[PDB]
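Chemist: I am sharing final_34.tsv, which consists of TSV, C-alpha atoms:
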chain	number	residue	atom	x	y	z
A	9	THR	CA	131.95	-97.39	16.53
A	10	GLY	CA	132.80	-97.15	20.23
A	11	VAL	CA	135.95	-98.28	22.03
A	12	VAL	CA	136.84	-101.98	22.11
A	13	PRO	CA	139.36	-103.90	24.28
A	14	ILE	CA	142.43	-105.42	22.60
A	15	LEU	CA	144.36	-108.59	23.38
A	16	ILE	CA	147.61	-109.23	21.53
A	17	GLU	CA	149.64	-112.41	21.98
A	18	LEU	CA	152.99	-112.88	20.25
A	19	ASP	CA	154.88	-116.15	20.54
A	20	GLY	CA	158.32	-115.58	19.03
A	21	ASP	CA	161.42	-117.68	18.45
A	24	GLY	CA	167.73	-119.56	19.27
A	25	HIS	CA	165.91	-117.32	21.69
A	26	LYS	CA	162.28	-118.08	22.62
A	27	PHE	CA	160.08	-115.27	23.92
A	28	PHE	CA	156.43	-114.35	24.51
A	29	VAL	CA	154.78	-110.92	24.41
A	30	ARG	CA	151.27	-110.05	25.60
A	31	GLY	CA	149.70	-106.73	24.65
A	32	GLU	CA	146.66	-105.24	26.38
A	33	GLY	CA	144.83	-101.97	25.77
A	34	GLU	CA	142.01	-100.15	24.01
A	35	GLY	CA	141.11	-99.26	20.43
A	36	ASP	CA	138.84	-96.55	19.05
A	37	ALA	CA	137.87	-96.75	15.37
A	38	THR	CA	136.00	-93.44	15.64
A	39	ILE	CA	139.24	-91.47	15.94
A	40	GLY	CA	141.58	-94.27	14.87
A	41	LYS	CA	143.53	-94.27	18.12
A	42	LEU	CA	145.43	-97.16	19.70
A	43	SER	CA	146.68	-97.27	23.28
A	44	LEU	CA	148.55	-100.48	24.09
A	45	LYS	CA	151.00	-101.83	26.65
A	46	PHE	CA	153.08	-104.87	25.67
A	47	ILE	CA	154.77	-107.08	28.27
A	48	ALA	CA	157.63	-109.54	27.81
A	49	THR	CA	156.45	-112.33	30.10
A	50	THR	CA	159.57	-114.41	29.41
A	51	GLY	CA	162.01	-111.60	30.24
A	52	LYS	CA	164.15	-109.27	28.11
A	53	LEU	CA	163.72	-109.65	24.36
A	54	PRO	CA	166.58	-110.95	22.14
A	55	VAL	CA	165.22	-108.46	19.64
A	56	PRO	CA	164.58	-104.72	19.55
A	57	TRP	CA	161.00	-103.57	20.15
A	58	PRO	CA	160.64	-101.47	16.96
A	59	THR	CA	161.05	-104.63	14.85
A	60	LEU	CA	157.89	-106.08	16.39
A	61	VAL	CA	155.78	-102.96	15.87
A	62	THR	CA	154.46	-103.86	12.41
A	63	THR	CA	153.67	-107.44	13.43
A	64	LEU	CA	152.14	-106.37	16.74
A	68	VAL	CA	145.05	-104.26	13.90
A	69	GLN	CA	144.28	-102.19	10.80
A	70	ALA	CA	140.59	-102.53	11.74
A	71	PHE	CA	140.75	-99.14	13.48
A	72	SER	CA	140.43	-96.07	11.26
A	83	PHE	CA	137.74	-104.60	4.72
A	84	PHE	CA	139.31	-105.29	8.13
A	85	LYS	CA	136.10	-104.23	9.89
A	86	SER	CA	133.84	-106.24	7.56
A	87	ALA	CA	135.97	-109.32	8.26
A	88	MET	CA	134.84	-109.23	11.89
A	89	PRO	CA	133.68	-111.03	13.99
A	90	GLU	CA	135.05	-114.16	12.27
A	91	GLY	CA	138.10	-112.03	11.46
A	92	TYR	CA	140.99	-112.36	9.02
A	93	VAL	CA	144.37	-114.11	8.76
A	94	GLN	CA	147.47	-111.95	8.26
A	95	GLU	CA	150.76	-113.42	7.03
A	96	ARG	CA	154.02	-111.50	6.60
A	97	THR	CA	157.60	-112.17	5.52
A	98	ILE	CA	160.00	-109.43	6.58
A	99	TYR	CA	163.48	-109.12	5.07
A	100	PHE	CA	165.97	-107.06	7.07
A	101	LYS	CA	168.74	-105.67	4.86
A	102	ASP	CA	172.03	-107.54	5.33
A	103	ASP	CA	170.47	-109.52	8.19
A	104	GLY	CA	167.90	-112.19	9.04
A	105	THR	CA	164.22	-112.33	8.12
A	106	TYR	CA	160.84	-112.65	9.83
A	107	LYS	CA	158.04	-114.99	8.84
A	108	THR	CA	154.77	-114.31	10.63
A	109	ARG	CA	151.23	-115.67	10.67
A	110	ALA	CA	148.43	-114.06	12.67
A	111	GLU	CA	144.72	-114.45	13.40
A	112	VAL	CA	142.74	-111.31	14.25
A	113	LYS	CA	139.15	-111.84	15.40
A	114	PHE	CA	136.53	-111.02	18.04
A	115	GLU	CA	136.24	-113.05	21.24
A	116	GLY	CA	133.47	-111.92	23.60
A	117	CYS	CA	133.60	-108.19	22.79
A	118	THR	CA	137.41	-108.29	22.79
A	119	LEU	CA	139.54	-108.08	19.65
A	120	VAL	CA	142.29	-110.70	19.78
A	121	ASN	CA	145.46	-110.84	17.68
A	122	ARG	CA	147.24	-114.18	18.09
A	123	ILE	CA	150.62	-114.10	16.34
A	124	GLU	CA	153.34	-116.62	15.50
A	125	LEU	CA	156.72	-115.38	14.23
A	126	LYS	CA	160.02	-117.13	13.50
A	127	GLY	CA	163.43	-115.69	12.65
A	130	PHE	CA	170.09	-113.26	11.82
A	131	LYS	CA	173.36	-111.63	12.86
A	132	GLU	CA	174.58	-110.20	16.17
A	135	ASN	CA	171.70	-104.27	14.31
A	136	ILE	CA	168.85	-106.52	15.42
A	137	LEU	CA	170.41	-109.04	17.81
A	138	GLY	CA	173.08	-106.43	18.49
A	139	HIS	CA	170.39	-104.25	20.07
A	140	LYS	CA	171.65	-100.99	18.55
A	141	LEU	CA	168.37	-99.53	17.30
A	142	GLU	CA	166.62	-96.36	18.49
A	143	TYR	CA	163.46	-96.70	20.58
A	144	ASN	CA	161.07	-95.12	18.08
A	145	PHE	CA	159.05	-95.79	14.92
A	146	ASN	CA	158.64	-93.50	11.90
A	147	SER	CA	155.36	-92.90	10.08
A	148	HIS	CA	154.60	-94.74	6.83
A	149	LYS	CA	152.01	-94.86	4.06
A	150	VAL	CA	150.98	-98.44	3.37
A	151	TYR	CA	150.02	-99.53	-0.15
A	152	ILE	CA	146.84	-101.56	0.34
A	161	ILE	CA	144.39	-108.13	0.27
A	162	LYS	CA	148.07	-107.72	-0.63
A	163	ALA	CA	150.75	-105.30	0.55
A	164	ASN	CA	154.41	-104.39	0.01
A	165	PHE	CA	156.27	-101.70	1.97
A	166	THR	CA	159.61	-100.79	3.56
A	167	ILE	CA	160.16	-99.44	7.09
A	168	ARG	CA	163.04	-97.14	8.01
A	169	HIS	CA	164.37	-97.99	11.47
A	170	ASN	CA	166.69	-95.43	13.07
A	171	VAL	CA	170.04	-96.87	14.15
A	172	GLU	CA	171.94	-95.45	17.13
A	173	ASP	CA	175.01	-94.50	15.09
A	174	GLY	CA	173.04	-92.49	12.54
A	175	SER	CA	172.32	-95.04	9.81
A	176	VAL	CA	169.02	-96.72	8.96
A	177	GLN	CA	167.94	-100.38	9.09
A	178	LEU	CA	165.55	-101.23	6.25
A	179	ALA	CA	162.85	-103.88	6.65
A	180	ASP	CA	161.01	-105.02	3.52
A	181	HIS	CA	157.48	-106.22	4.30
A	182	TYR	CA	155.43	-108.58	2.14
A	183	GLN	CA	151.86	-109.12	3.31
A	184	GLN	CA	148.80	-111.17	2.40
A	185	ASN	CA	145.37	-111.32	4.05
A	186	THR	CA	142.48	-113.80	4.01
A	187	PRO	CA	139.06	-113.79	5.73
A	188	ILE	CA	138.05	-116.71	7.95
A	198	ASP	CA	142.32	-99.94	-3.13
A	199	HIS	CA	143.51	-97.24	-0.73
A	200	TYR	CA	146.22	-96.00	1.64
A	201	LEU	CA	146.87	-96.28	5.37
A	202	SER	CA	149.00	-93.66	7.12
A	203	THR	CA	150.19	-94.61	10.60
A	204	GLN	CA	151.92	-92.64	13.36
A	205	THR	CA	153.42	-94.38	16.39
A	206	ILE	CA	154.77	-93.29	19.77
A	207	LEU	CA	156.88	-95.71	21.82
A	208	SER	CA	157.13	-95.02	25.55
A	209	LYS	CA	157.88	-96.76	28.84
A	210	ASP	CA	155.85	-97.28	31.99
A	211	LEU	CA	158.16	-95.88	34.67
A	212	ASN	CA	156.62	-98.04	37.39
A	213	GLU	CA	157.07	-101.25	35.40
A	214	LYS	CA	160.19	-103.37	35.83
A	215	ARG	CA	159.46	-106.10	33.29
A	216	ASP	CA	160.73	-105.57	29.75
A	217	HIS	CA	157.83	-103.78	28.09
A	218	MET	CA	156.55	-101.35	25.48
A	219	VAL	CA	153.82	-98.75	25.84
A	220	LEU	CA	152.47	-97.92	22.38
A	221	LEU	CA	150.34	-95.07	21.09
A	222	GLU	CA	149.16	-95.18	17.49
A	223	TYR	CA	147.09	-93.13	15.06
A	224	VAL	CA	146.10	-94.70	11.74
A	225	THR	CA	143.99	-93.10	9.01
A	226	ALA	CA	142.66	-94.06	5.58
Y	9	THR	CA	133.32	-106.70	33.77
Y	10	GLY	CA	135.03	-103.97	31.76
Y	11	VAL	CA	133.48	-100.77	30.43
Y	12	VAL	CA	130.67	-101.19	27.91
Y	13	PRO	CA	129.14	-98.68	25.45
Y	14	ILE	CA	125.52	-97.61	25.92
Y	15	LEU	CA	122.93	-96.62	23.33
Y	16	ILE	CA	119.59	-95.28	24.52
Y	17	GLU	CA	116.70	-94.45	22.19
Y	18	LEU	CA	113.41	-93.08	23.50
Y	19	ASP	CA	110.55	-92.23	21.16
Y	20	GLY	CA	108.07	-90.38	23.36
Y	21	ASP	CA	104.60	-88.91	23.00
Y	22	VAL	CA	102.96	-86.94	25.80
Y	23	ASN	CA	99.61	-85.12	25.40
Y	24	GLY	CA	100.15	-84.60	21.68
Y	25	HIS	CA	103.85	-83.86	21.85
Y	26	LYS	CA	106.05	-86.35	20.05
Y	27	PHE	CA	109.80	-86.41	20.72
Y	28	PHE	CA	112.84	-88.62	20.27
Y	29	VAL	CA	115.90	-88.81	22.54
Y	30	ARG	CA	119.22	-90.50	21.82
Y	31	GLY	CA	121.62	-91.21	24.67
Y	32	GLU	CA	125.24	-92.24	24.20
Y	33	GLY	CA	127.93	-93.00	26.77
Y	34	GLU	CA	129.73	-95.59	28.88
Y	35	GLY	CA	128.83	-97.96	31.71
Y	36	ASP	CA	131.04	-99.66	34.28
Y	37	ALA	CA	129.47	-102.34	36.47
Y	38	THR	CA	132.73	-102.79	38.39
Y	39	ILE	CA	132.40	-99.39	40.06
Y	40	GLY	CA	128.72	-98.86	39.22
Y	41	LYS	CA	129.20	-95.65	37.25
Y	42	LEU	CA	127.12	-94.35	34.34
Y	43	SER	CA	128.27	-91.53	32.07
Y	44	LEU	CA	125.70	-90.55	29.46
Y	45	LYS	CA	124.80	-87.63	27.21
Y	46	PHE	CA	121.18	-87.50	26.07
Y	47	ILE	CA	120.11	-85.44	23.07
Y	48	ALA	CA	116.60	-84.36	22.11
Y	49	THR	CA	116.97	-84.86	18.36
Y	50	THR	CA	113.52	-83.47	17.58
Y	51	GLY	CA	114.27	-80.22	19.38
Y	52	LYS	CA	113.29	-78.66	22.70
Y	53	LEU	CA	111.49	-81.11	24.99
Y	54	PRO	CA	107.78	-80.77	25.86
Y	55	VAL	CA	108.78	-82.31	29.18
Y	56	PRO	CA	111.47	-81.63	31.77
Y	57	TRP	CA	114.58	-83.83	31.63
Y	58	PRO	CA	114.40	-85.08	35.26
Y	59	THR	CA	111.07	-86.81	34.51
Y	60	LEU	CA	112.83	-89.00	31.94
Y	61	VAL	CA	115.69	-90.02	34.25
Y	62	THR	CA	114.11	-93.20	35.63
Y	63	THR	CA	112.88	-94.42	32.24
Y	64	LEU	CA	115.97	-93.44	30.31
Y	68	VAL	CA	119.53	-100.01	32.88
Y	69	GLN	CA	119.97	-101.30	36.42
Y	70	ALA	CA	122.23	-103.95	34.90
Y	71	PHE	CA	125.37	-102.18	36.10
Y	72	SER	CA	126.51	-102.99	39.64
Y	84	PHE	CA	119.54	-107.54	35.27
Y	85	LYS	CA	123.03	-108.85	34.50
Y	86	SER	CA	121.90	-112.46	34.11
Y	87	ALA	CA	119.28	-111.49	31.51
Y	88	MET	CA	121.99	-110.44	29.04
Y	89	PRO	CA	122.65	-110.64	26.20
Y	90	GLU	CA	119.14	-111.80	25.28
Y	91	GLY	CA	117.95	-108.87	27.40
Y	92	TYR	CA	114.90	-108.15	29.51
Y	93	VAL	CA	111.76	-106.07	29.03
Y	94	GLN	CA	111.07	-103.20	31.43
Y	95	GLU	CA	107.55	-101.78	31.63
Y	96	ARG	CA	106.59	-98.92	33.93
Y	97	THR	CA	103.53	-96.94	34.91
Y	98	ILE	CA	104.44	-93.62	36.51
Y	99	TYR	CA	101.77	-91.58	38.29
Y	100	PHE	CA	102.55	-87.92	38.87
Y	101	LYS	CA	100.56	-86.57	41.83
Y	102	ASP	CA	97.63	-84.42	40.68
Y	103	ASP	CA	99.01	-84.53	37.14
Y	104	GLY	CA	99.50	-86.82	34.14
Y	105	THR	CA	101.02	-90.29	33.99
Y	106	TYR	CA	103.72	-92.09	32.02
Y	107	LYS	CA	103.35	-95.47	30.35
Y	108	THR	CA	106.61	-96.99	29.18
Y	109	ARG	CA	107.88	-100.16	27.56
Y	110	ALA	CA	111.58	-100.79	27.08
Y	111	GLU	CA	113.93	-103.50	25.87
Y	112	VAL	CA	117.43	-103.54	27.32
Y	113	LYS	CA	119.75	-105.93	25.50
Y	114	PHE	CA	123.14	-106.33	23.86
Y	115	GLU	CA	123.62	-105.47	20.19
Y	116	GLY	CA	127.13	-106.20	18.94
Y	117	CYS	CA	128.90	-105.70	22.28
Y	118	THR	CA	126.81	-102.60	22.98
Y	119	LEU	CA	124.03	-102.47	25.56
Y	120	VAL	CA	121.00	-100.85	23.95
Y	121	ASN	CA	117.93	-99.52	25.73
Y	122	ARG	CA	115.13	-98.87	23.25
Y	123	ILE	CA	112.21	-97.28	25.03
Y	124	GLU	CA	108.65	-96.41	24.04
Y	125	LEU	CA	106.84	-93.90	26.22
Y	126	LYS	CA	103.39	-92.30	26.13
Y	127	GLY	CA	101.86	-89.69	28.44
Y	128	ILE	CA	98.20	-88.98	29.13
Y	129	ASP	CA	96.08	-86.45	31.05
Y	130	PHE	CA	98.67	-83.80	31.98
Y	131	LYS	CA	98.27	-80.17	33.05
Y	132	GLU	CA	100.13	-77.08	31.86
Y	135	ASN	CA	104.48	-78.99	37.01
Y	136	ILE	CA	105.54	-81.18	34.09
Y	137	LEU	CA	104.37	-79.41	30.92
Y	138	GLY	CA	104.66	-76.17	32.88
Y	139	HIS	CA	108.39	-76.88	33.06
Y	140	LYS	CA	108.73	-75.66	36.65
Y	141	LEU	CA	111.00	-78.40	37.97
Y	142	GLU	CA	114.62	-78.06	39.12
Y	143	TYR	CA	117.41	-79.41	36.92
Y	144	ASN	CA	118.53	-82.04	39.42
Y	145	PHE	CA	117.67	-85.49	40.77
Y	146	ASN	CA	117.61	-86.63	44.40
Y	147	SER	CA	118.86	-90.08	45.42
Y	148	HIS	CA	116.46	-92.97	46.01
Y	149	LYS	CA	116.51	-96.55	47.25
Y	150	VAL	CA	114.40	-98.82	45.05
Y	151	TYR	CA	112.60	-101.81	46.56
Y	152	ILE	CA	113.51	-104.68	44.24
Y	153	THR	CA	111.47	-107.84	44.80
Y	154	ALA	CA	111.46	-111.01	42.71
Y	155	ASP	CA	108.39	-112.72	41.24
Y	156	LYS	CA	108.38	-116.22	39.76
Y	157	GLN	CA	104.86	-115.62	38.42
Y	158	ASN	CA	105.87	-113.47	35.46
Y	159	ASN	CA	109.37	-115.00	35.55
Y	160	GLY	CA	110.73	-111.55	36.39
Y	161	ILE	CA	111.08	-108.61	38.75
Y	162	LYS	CA	108.76	-106.02	40.30
Y	163	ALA	CA	109.36	-102.72	42.09
Y	164	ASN	CA	107.37	-99.81	43.54
Y	165	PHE	CA	108.86	-96.46	44.54
Y	166	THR	CA	108.18	-92.71	44.60
Y	167	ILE	CA	110.50	-89.96	43.37
Y	168	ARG	CA	110.39	-86.48	44.89
Y	169	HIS	CA	111.13	-83.85	42.24
Y	170	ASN	CA	112.20	-80.40	43.43
Y	171	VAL	CA	110.07	-77.60	42.02
Y	172	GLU	CA	111.47	-74.08	41.64
Y	173	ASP	CA	109.13	-72.33	44.10
Y	174	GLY	CA	110.03	-74.65	46.98
Y	175	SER	CA	107.45	-77.43	46.84
Y	176	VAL	CA	107.99	-81.00	45.62
Y	177	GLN	CA	106.55	-82.97	42.71
Y	178	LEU	CA	106.04	-86.62	43.62
Y	179	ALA	CA	106.20	-89.34	40.96
Y	180	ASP	CA	104.89	-92.78	41.88
Y	181	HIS	CA	106.62	-95.53	39.91
Y	182	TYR	CA	105.22	-98.99	39.28
Y	183	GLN	CA	107.63	-101.36	37.56
Y	184	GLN	CA	107.74	-104.87	36.12
Y	185	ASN	CA	110.57	-106.74	34.40
Y	186	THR	CA	110.65	-109.81	32.15
Y	187	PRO	CA	113.43	-111.64	30.28
Y	188	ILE	CA	113.11	-112.10	26.51
Y	189	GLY	CA	115.12	-115.31	26.76
Y	199	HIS	CA	117.11	-106.55	47.69
Y	200	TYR	CA	117.86	-102.83	47.41
Y	201	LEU	CA	119.25	-100.52	44.74
Y	202	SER	CA	120.54	-97.10	45.77
Y	203	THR	CA	121.06	-94.57	42.98
Y	204	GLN	CA	122.83	-91.20	42.89
Y	205	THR	CA	122.43	-88.82	39.96
Y	206	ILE	CA	124.08	-85.63	38.69
Y	207	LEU	CA	122.50	-83.62	35.86
Y	208	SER	CA	124.77	-81.23	33.96
Y	209	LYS	CA	125.13	-79.47	30.59
Y	210	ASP	CA	127.64	-79.63	27.75
Y	211	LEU	CA	128.84	-76.05	27.23
Y	212	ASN	CA	129.70	-76.63	23.57
Y	213	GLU	CA	126.37	-78.24	22.72
Y	214	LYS	CA	123.50	-76.19	21.32
Y	215	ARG	CA	120.89	-78.94	20.97
Y	216	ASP	CA	118.49	-79.57	23.85
Y	217	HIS	CA	120.39	-82.11	25.90
Y	218	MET	CA	121.22	-83.69	29.25
Y	219	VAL	CA	124.61	-84.79	30.54
Y	220	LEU	CA	124.08	-87.48	33.18
Y	221	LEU	CA	126.35	-89.06	35.78
Y	222	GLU	CA	125.10	-91.93	37.94
Y	223	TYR	CA	126.38	-94.13	40.76
Y	224	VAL	CA	124.42	-97.31	41.52
Y	225	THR	CA	124.96	-99.89	44.28
Y	226	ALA	CA	123.07	-102.92	45.57
Y	227	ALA	CA	122.29	-104.22	49.06
Translate the structure of the given file into structure tokens.

Modeler:
Amino acid sequence: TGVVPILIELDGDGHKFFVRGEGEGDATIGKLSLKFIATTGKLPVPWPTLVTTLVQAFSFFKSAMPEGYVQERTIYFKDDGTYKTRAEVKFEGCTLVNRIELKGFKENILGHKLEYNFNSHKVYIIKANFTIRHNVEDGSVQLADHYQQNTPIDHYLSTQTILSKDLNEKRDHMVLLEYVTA
Amino acid sequence: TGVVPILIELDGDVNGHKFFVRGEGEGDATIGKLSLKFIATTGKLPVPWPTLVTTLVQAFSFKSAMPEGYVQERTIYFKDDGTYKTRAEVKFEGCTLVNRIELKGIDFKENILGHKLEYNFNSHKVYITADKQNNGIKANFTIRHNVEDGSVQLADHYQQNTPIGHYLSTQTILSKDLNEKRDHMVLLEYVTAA
């Protein structure tokens, strides 16, 4: 019910970086509007690879609040490196906070030759296994196998995502619009 | 800080006429703006909407009382007509500010029940004065309601406040949702202190 504020903090790693996301969420319509900012400068990684790691609560995840849940993922990129991520999503003074730690390859990913977009997927829902198709600039696809577990402190989720850019923003950033349904 | 959701629930009972109103919307203390849609769930109101405006926050700009929120009790004398008696509790419920109100009306005549008021609300400054006696706040003010013929209906408000744990100027616009068939009131309000 209603629209809640969202804080997202991603501390990433031979290249250290930090991303802070701020925006609003509306569970009534299942809409996300978020702007992410690279505080440490340009990312040594393409933005679409951080999309999945960067709040399923908007459509268990809701019942987990306000003490919230822990989300851990290991993400294998085909013929490349892998992500390992741990996150804590919970409520802090009427604001939903997602604190994330991820650690990682060869220079599609470090090469920065992906397309700035993100295709829709059905997620098999806690445990989860799914594969994301990233569009590559040449025409090929970069596959990313996700393994996911959840823990509190049988259905599907379809998600649609739009990646855009704030024109009057000079820091490396990502504006994100997302619709997720059950 | 930020924009908070608002739930307003008023179970009312005037001269034999029971009614329930649910208001939903947003509040922003930073700019002092209220956006609310009120719905008469029990059907057409036995009372004109402008007479419920005062009773239906003041926290936006009352703030210190949250989240274990204050009690607001009012006695509202309509000139040569009936009177309102209201008790309300404004507080936070899961990040939402809720204003549950109980109102009762006695000794009316059929401006108010006659439904001959204008669908609008003139601005007023409210005289807010503190009182350590009841650990709360008191206020007295009179609202001039425009009646359709040309005259005015005056409504004398007496108000006390108390926690469960200067001036205020208000500006109000009353409108209607075109795609809403229930008896309702769209409300926009700007409130500042002095």

Chemist: Quick one: which residues from chain Y are at most 9 Å off chain A, using all atoms listed in the file, as a PyMOL selection string?

Modeler: chain Y and resi 10+12-13+116-118

Chemist: Would you pick out the contacts of stretch 125-139 of chain Y at 9 Å or less, using only C-alpha atoms, so that residues sharing its chain but fewer than 6 positions from it are not included, and give the list as a count of residues only?

Modeler: 25

Chemist: Got a sec: who's within 8 Å of residue Y:36, counting all atoms listed in the file, leaving out chain neighbours fewer than 5 positions off, as a list in words?

Modeler: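 Non-adjacent residues within range: residues 9, 10, 11, 12, 41, 42, 71 and 72 of chain Y.
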
Chemist: Which is closer to residue Y:217 than all the others in Y:122, Y:156, Y:52, Y:113, using all atoms listed in the file?

Modeler: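 Under the stated criterion, the closest residue is Y:52.
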
Chemist: Rounded to one decimal, what separation in Å do you get between atom CA of residue Y:144 and atom CA of residue Y:205?

Modeler: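 Between atom CA of residue Y:144 and atom CA of residue Y:205 the gap works out to 7.8 Å.
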
Chemist: Could you tell me how far atom CA of residue A:16 lies from atom CA of residue A:64, in Å and to one decimal?

Modeler: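 Result for atom CA of residue A:16 versus atom CA of residue A:64: 7.2 Å, one decimal.
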
Chemist: Which residue gives the smallest distance to residue A:84 among A:51, A:102, A:186, A:24, with all atoms listed in the file counted?

Modeler: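 Smallest distance to residue A:84 is found for A:186.
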
Chemist: Rank nothing, just name the residue among A:50, A:175, A:59, A:185 nearest to residue A:92, using only C-alpha atoms.

Modeler: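 Result for the nearest residue to residue A:92: A:185.
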
Chemist: Can you measure atom CA of residue Y:220 to atom CA of residue Y:64 for me? One decimal in Å is fine.

Modeler: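 Answer for the atom CA of residue Y:220 to atom CA of residue Y:64 separation: 10.5 Å.
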
Chemist: Would you mind listing what lies within 7 Å of residue Y:149 as a ChimeraX atom specification, with all atoms listed in the file counted and same-chain residues fewer than 4 positions away left out?

Modeler: /Y:200-203

Chemist: Determine the nearest neighbour of residue Y:27 from the options Y:89, Y:123, Y:96, Y:44, counting only C-alpha atoms.

Modeler: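 Closest to residue Y:27, using only C-alpha atoms: Y:123.
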
Chemist: So which one's closest to residue Y:45, Y:151, Y:145, Y:57, Y:223? Using only C-alpha atoms, please.

Modeler: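 Nearest candidate to residue Y:45 out of Y:151, Y:145, Y:57, Y:223: Y:57.
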